[PDB]
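Below are the chains, spelled out letter by letter.
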Amino acid sequence: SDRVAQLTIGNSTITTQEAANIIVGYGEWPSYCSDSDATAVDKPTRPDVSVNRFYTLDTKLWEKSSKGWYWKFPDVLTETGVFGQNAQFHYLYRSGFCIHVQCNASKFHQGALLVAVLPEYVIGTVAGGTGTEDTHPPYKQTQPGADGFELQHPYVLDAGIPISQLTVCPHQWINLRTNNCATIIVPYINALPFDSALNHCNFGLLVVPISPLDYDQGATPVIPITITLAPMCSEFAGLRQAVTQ
Amino acid sequence: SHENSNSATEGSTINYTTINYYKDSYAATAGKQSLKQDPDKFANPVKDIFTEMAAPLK
Amino acid sequence: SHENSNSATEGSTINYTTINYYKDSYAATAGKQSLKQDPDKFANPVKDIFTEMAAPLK
Amino acid sequence: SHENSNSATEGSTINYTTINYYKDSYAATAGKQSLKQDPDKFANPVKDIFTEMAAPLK
Amino acid sequence: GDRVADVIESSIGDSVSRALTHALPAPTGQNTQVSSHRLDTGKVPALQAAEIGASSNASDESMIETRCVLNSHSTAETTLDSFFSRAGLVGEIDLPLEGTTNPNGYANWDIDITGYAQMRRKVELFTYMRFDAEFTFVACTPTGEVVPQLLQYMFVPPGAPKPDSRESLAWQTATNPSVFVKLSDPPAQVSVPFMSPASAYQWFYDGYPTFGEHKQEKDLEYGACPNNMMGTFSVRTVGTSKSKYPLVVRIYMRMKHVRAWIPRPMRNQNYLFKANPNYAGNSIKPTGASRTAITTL
Amino acid sequence: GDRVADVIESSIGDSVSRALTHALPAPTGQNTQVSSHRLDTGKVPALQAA
Ligand SMILES: CCO/N=C/c1ccc(OCC[C@@H](C)CCN2CCN(c3ccnc(N)c3)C2=O)cc1
Ligand code: NA
């Protein structure tokens, strides 16, 4: 009765029988931009059901040695369905998201993943190892698209900051003996009312094992982690031709 | 003082008590801020709030 | 302050809020000016004003 | 002055008359202290007080 | 006009962001209430489900028998202004006589306070910050000696001509704000407003400033947000001939009227560059101290 | 006299031993009441937790 849940939005429904409640980031729900916060004058377009729905974008395999992954929003969706098309045809975009990370196992497997959302997740490089070289992350690393990207140094989140403090950001844990999913609702976060869905990634989704996956020989060894997400209150403005980047 | 409203905190959920001798309010002192706090925004952003006495997962 | 009225703007269609410590008002600060505007004087000095919706020459 | 109450004597049995120009009260002057005295605390801390005229031990 | 039901009953357009929490006045630490022994079934404060993502709601009163304590310890010194409104070094400008850097009696400093770790680590605790600031300029020779020299500081916003010499026409400073001061005078000091085109400055921008292919050669622009680039600070010795003294200008900043959003993990690896979070990969060190065993102090 | 709260609110000294049970008159064996067939879910008298 807090362990069970149903998420319905658009023409999509998600069910879970081992949930751990729902997190509403920074304590507030997604909402459309008000007339006083807005600055752009064209009347926006709010597609509703055709874009605010659940998209299942990717599946990763959790292994005893996995270091962790991250995805960028709205990057993961810029090339998917009707949401992607609007993001490409418009200069301005804004929305929130309902993120549902899925991972189930058996009562004999163990392990815990930390699922967190970190706004403005700027990636850094190891600087040629010695730190004397000002190298920079390539486009495929800063905006990895739907496949996501694997962390090289999870302890410092590939950005010189302690993952041990990542819990100061909206999160949930997927601890196999307890739940099989994490659900986080995130409002629009930015210093501007609208922005480019292409040039700016508002936040990153981090899925990192903190307690390694373990099980005895004989138990199903393939333990997938699937990422499903839904845009909420999507708004678009500044129409012209489609642009991919 | 009938000055300009050009402070970084004009229209804040916390009122300040400041000193100033110029027509521009950002020139004012830092003063004292309001002592309001909202830990829950970070420590407890759950949709369905659970009591202390109860078992968090039931 | 009961001073002299020797400012360049004494008798202006815009009132100012200034500071001064001398008997001569031109020594005063620039203060704040009134925010009135009249674009039409330059952007639309036509005798017979024409509406937006209409055709300017009919 | 609506300042902070951070003086070493905030909540004392002796009121002070001080000057200050800052938001923190400990920055204030020493002022004047109250002229109350209690010699008995040291010169006569006896349980059963004995009169002057009488013989202290009877 | 509207007529189909799904349109009349939709929530499309609701600009009122519903909030699950609200702030409360908390001028002092919470008090402690008397508590006694509890031997119950059903009631279990000590048990939590950290998976939910919330922090423990268990309190002293429910874990041990407590006395009453009237706590009057203030919470005033931990406000944003209390923490940030303390001036720190954010810039240093050299004006030497004999040199490789600025031997021509003038210098242009891009306004970027990320070159000093103390200040930088404090501001990077938050993602967005909006504030006014008081800037103080301390000048002397490299020995800390005070000499009778006149200087000119000028703020050159983006788009205004940057002086290219001690005698540049730009020093006429007809619109830019300039400060004329002697090293013999106290440190110059002014108030600066919040000047960004955005509602807040942001210490992290996960994106690019422009559209197009983001090939290798342009990757230095990843993370560059013009909304944070306020301009140039130019300084010169006021004269047509070289100064007689070598000078140094230290720049201090004291934020005031501060607001901040989105807290984040605090830097735990040495900083290398102003423009990014790059860390030395061969020296990834633990956040803090270590020991030999988990069963020994 | 007493003044600190934990002292005023303590139960130290309560000589009234609280009793969870009380005696009833029972001069005869209990009677038996008519009962009929019950086919319920939720109700399970036959199951115990010794
Ligand atoms: C005579 C005239 O005297 N004029 C003095 C004067 C003083 C200061 C001044 O502007 C001060 C600007 C600072 C308040 C904020 C600096 N900021 C904003 C965020 N940011 C960032 C953000 C992200 N990455 C990096 N690297 C940097 C950054 O560095 C203009 C003029
Ligand atoms: Na952008």
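Chain B is annotated in the PDB entry as VP4 of Enterovirus a71. Anyone opening this PDB entry will find it titled "Crystal structure of human Enterovirus 71 in complex with the uncoating inhibitor NLD".

Under the PDB entry, the name given to chain A is VP2, and the organism recorded is Enterovirus a71.

1. Some details on the overall build of chain B
Within chain B, the regular secondary structure consists of one helix and one strand. Here the C-alpha atoms of chain B give a radius of gyration of 20 Å, more than 25% beyond the 10 Å that 2.2 N^0.38 yields for 58 residues. Dimensions along the principal axes, computed over C-alpha positions, put chain B at roughly 60 × 15 × 15 Å. Put simply, chain B has 58 residues, and 31% of those count as buried. Pairs at least 24 apart in sequence give 0% of the contacts found in chain B among residues at least 6 apart. Accessible surface computed for chain B: about 3600 Å², of which carbon and sulfur atoms make up 50%. In chain B, the 6 positive side-chain charges and the 7 negative ones have mean positions that sit 3 Å from each other.

2. Re the sheet that holds strand 6 (residues 178–182) of chain E
Residue and element names in this part refer to chain E. Pairing is antiparallel in the open sheet, where four strands are placed in the order 3-9-5-6. Here the strands that pair on one side only, and so sit at the sheet edges, are strand 3 (106–110) and strand 6. Neighbour-to-neighbour, the strand axes of the sheet open up by a mean angle of 20°, direction not taken into account.

3. Details of the interface of chain E and chain A
Counting residues at the interface gives 57 residues for chain E and 67 residues for chain A. Of the roughly 5200 Å² buried where chain E meets chain A, counting both sides, 59% is carbon and sulfur surface. On the chain E side of the contact with chain A, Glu51, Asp206 and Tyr279 of chain E bury the most area, a combined 15% of that side's loss. Applying the counting criterion to the chain E and chain A interface returns one salt bridge. Residue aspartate 206 of chain E is joined to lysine 72 of chain A by a salt bridge in which the shortest nitrogen-to-oxygen separation is 2.8 Å. Counting across the interface, chain E meets chain A through 31 residue pairs in polar contact. Of all the secondary structure elements, the ones that give two or more residues to the side of chain E that touches chain A are strand 4 (126–140) and strand 10 (247–263) of chain E.

4. Things to note about unusual backbone geometry
Residues and elements named next belong to chain A. Going from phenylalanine 73 to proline 74, the amide bond is cis rather than trans, its omega being 0°. For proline 74, the position within the fold is in the loop between strand 5 (69–73) and helix 1 (81–89). Even without being a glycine, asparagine 21 presents a positive backbone phi close to 65°. Relative to the helices and strands, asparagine 21 resides in the loop between strand 2 (12–16) and strand 3 (23–24).

5. As for the pairing of strand 7 (residues 110–119) of chain A
Residues and elements named next belong to chain A. Judged by how many residues are buried, strand 7 sits mostly within the fold: nine of 10 residues are covered. Where strand 7 meets strand 11 (residues 203–214), nine bridges bridge the pair, whose relative direction is antiparallel. By the bridge assignment, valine 115 is partnered in strand 11 with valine 207. Relative to strand 9 (residues 171–175), strand 7 is paired through five bridges, and the arrangement is antiparallel. Bridging from a neighbouring strand, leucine 113 pairs with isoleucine 174 of strand 9.

6. Regarding the coordination of the sodium ion (ligand 2)
Taken together, the protein ligands of the sodium ion (ligand 2) are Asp195 of chain A (OD) and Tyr205 of chain E (OH), with distances of 2.9 to 3.1 Å. Of this pair, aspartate 195 of chain A sits in the loop between strand 10 (181–186) and strand 11 while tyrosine 205 of chain E sits in the loop between strand 8 (201–202) and strand 9 (232–237), which puts the two residues in different chains. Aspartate 195 of chain A gets classed as buried once you look at its relative accessible area, which sits at 14%.

7. Observations concerning the environment of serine 12 of chain A
All names here are of chain A. Tracing the sequence through the fold places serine 12 in strand 2. On the accessibility criterion, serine 12 (11% relative accessible area) is buried. Considered as a pair, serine 12 and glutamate 133 are 121 residues apart in the sequence and their alpha carbons are 48 Å apart. Setting aside residues up to four positions removed in sequence, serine 12 forms contacts with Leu7, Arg53 and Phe54. Within the local environment of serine 12, its side chain forms a polar contact with the backbone oxygen of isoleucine 9, the two atoms lying 2.7 Å apart. From its side chain, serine 12 meets the backbone nitrogen of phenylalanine 54 in a polar contact 3.0 Å long.

8. With respect to the arrangement of the chains
With six pairs of chains in contact, the largest contact count belongs to chains A and E. Contact between chain D and chain E is absent, and the minimum C-alpha spacing across the pair is 9 Å. With no contact between them, chain A and chain F keep their nearest C-alpha atoms 19 Å apart.

9. Here we look at the environment of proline 138 of chain A
Position of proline 138 of chain A among the secondary structure elements: in the loop between strand 7 and helix 2 (139–142). Sequence spacing of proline 138 of chain A and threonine 125 of chain A is 13 residues, and the spatial spacing of their C-alpha atoms is 9.7 Å. Setting aside residues up to four positions removed in sequence, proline 138 of chain A forms contacts with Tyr208, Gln216 and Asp219 of chain E.

10. As for the packing of aromatic side chains
This structure, assessed with the given rule, holds 20 aromatic pairs over all chains. A ring pair is formed by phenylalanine 73 of chain A and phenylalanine 97 of chain A, whose centres lie 5.0 Å apart and whose planes are at 80°; its orientation type is edge-to-face. Here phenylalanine 97 of chain A lies in strand 6 (residues 90–102) and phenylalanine 73 of chain A lies in strand 5, a separation of 24 residues in the sequence. Among the residues examined, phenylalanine 73 of chain A registers a relative accessible area of 1% and is labelled buried. We classify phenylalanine 97 of chain A as buried; its relative accessible area is 2%. On the numbers, 4.8 Å between centres and 65° between planes, the contact of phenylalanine 83 of chain E with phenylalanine 84 of chain E is edge-to-face. On the basis of relative accessible area, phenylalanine 84 of chain E is assigned to the buried category, the value being 1%. Members of the aromatic cluster, connected to one another through ring pairs, are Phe83, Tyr93, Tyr188 and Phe236 of chain A. Over the face of the ring belonging to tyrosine 55 of chain A we find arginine 53 of chain A, whose NZ or CZ atom lies 5.0 Å from the ring centre.

11. Concerning the pattern of salt bridges
Applying the stated criterion across every chain yields a total of 12 salt bridges over all chains. Measuring nitrogen to oxygen at the nearest pair gives 3.2 Å for the salt bridge that ties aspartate 48 of chain B to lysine 47 of chain B. Taking relative accessible area as the criterion, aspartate 48 of chain B reaches 40% and is therefore assigned partly exposed. Owing to a relative accessible area of 38%, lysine 47 of chain B belongs among the partly exposed residues under this scheme. Residues joined in a network through salt bridges with shared partners are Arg46, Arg94 and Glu235 of chain A.

Conventions we followed
Residues numbered from 1 in each chain as written, not as in the entry; some residues may be left out. Chains lettered and ligands numbered in written order. Part of a larger assembly, values for the part shown. Heavy atoms only, no water. Helix = DSSP H or I, 4+ residues; strand = E, 2+ residues; numbered from the N terminus. Rg over C-alpha atoms; globule rule 2.2 N^0.38 Å. Buried < 20%, exposed > 50% of the residue type's maximum accessible area, 1.4 Å probe, protein only. Contact = heavy atoms within 4.5 Å. Areas by Shrake-Rupley, 256 points an atom, 1.4 Å probe, with all protein chains shown as cover. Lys, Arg positive; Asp, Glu negative; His and termini not counted. Charge placed at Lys NZ, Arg CZ, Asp CG, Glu CD. Pairing = 2+ DSSP bridges. Axes fitted to C-alpha atoms, helices over the stretch in contact; angles between N-to-C directions. Buried area = accessible area lost by both parts, 1.4 Å probe. Salt bridge = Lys/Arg side-chain N within 4 Å of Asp/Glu carboxyl O. Polar contact = N/O pair within 3.5 Å; in protein donor to acceptor, adjacent residues only side chain to side chain. Donors = N, O, S within 2.8 Å, 3.2 Å for Na, K, Ca; no water. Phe/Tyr/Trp six-rings, centres within 6.5 Å; stacked < 30°, edge-to-face > 60°. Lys NZ or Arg CZ within 6 Å of the ring centre and 35° of its normal.

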